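Notes for the one structure printed next.
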Amino acid sequence: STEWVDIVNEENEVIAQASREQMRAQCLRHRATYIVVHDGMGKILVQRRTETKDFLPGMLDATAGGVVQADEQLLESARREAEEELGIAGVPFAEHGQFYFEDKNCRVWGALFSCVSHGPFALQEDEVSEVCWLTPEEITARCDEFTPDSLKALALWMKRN
Ligand SMILES: [Mg+2]
């Protein structure tokens, strides 16, 4: 089935809907959720992207989450992503506002969430190839390995937590 995605203007108003392929082909501005999954003891669940991913294959994500699909509300979208990527469901999510990120390959209004989970996790190997618990110190010591958008989300979380 084709994945359909909300396309937004500069003001984060939905003005278009595109296939996932069109979104990536034209670098269209879209929404995504970013969820800091932390263990409540100082560590962040970090996820290595498979090497088949369109956006930044093989890099580390400091957050779970993904593109918000057509007509999805932000929290249900975050919950769907966490369920699909990590096999978690019914865990409390805290909301931490929004941020905008763009580089040469994407334009995104991000919605930031966090949750505390110790697992267990059920992962998708076609998307994530590895997970581990890292402290924020450990992450910044390796920050060249991380997607800049997930790093931005984490940094924003770290300044609130
Ligand atoms: Mg997705």
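First residue shown is number 1, and so on along the chain.
So this one's X-ray crystallography, 2.0 Å, going by the header.
For all residues, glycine too, the Cβ spot is worked out from N, Cα and C.
Features reported for this protein in Swiss-Prot:
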DOMAIN    28-156  domain 'Nudix hydrolase'
MOTIF     65-87  motif 'Nudix box'
BINDING   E81, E85  Mg(2+) binding site
Please work out the helix, strand and coil residue numbers for the domain 'Nudix hydrolase' (28-156) from the DSSP assignment.
30 helix, 47 strand, 52 coil
Residues that sit under 8 angstroms from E81 (Mg(2+) binding site) by C-beta distance, when 6+ apart in the chain:
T33, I35, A64, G65, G66
Around the Cβ of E85 (Mg(2+) binding site), the count of other Cβ atoms that are within 10 Å:
22
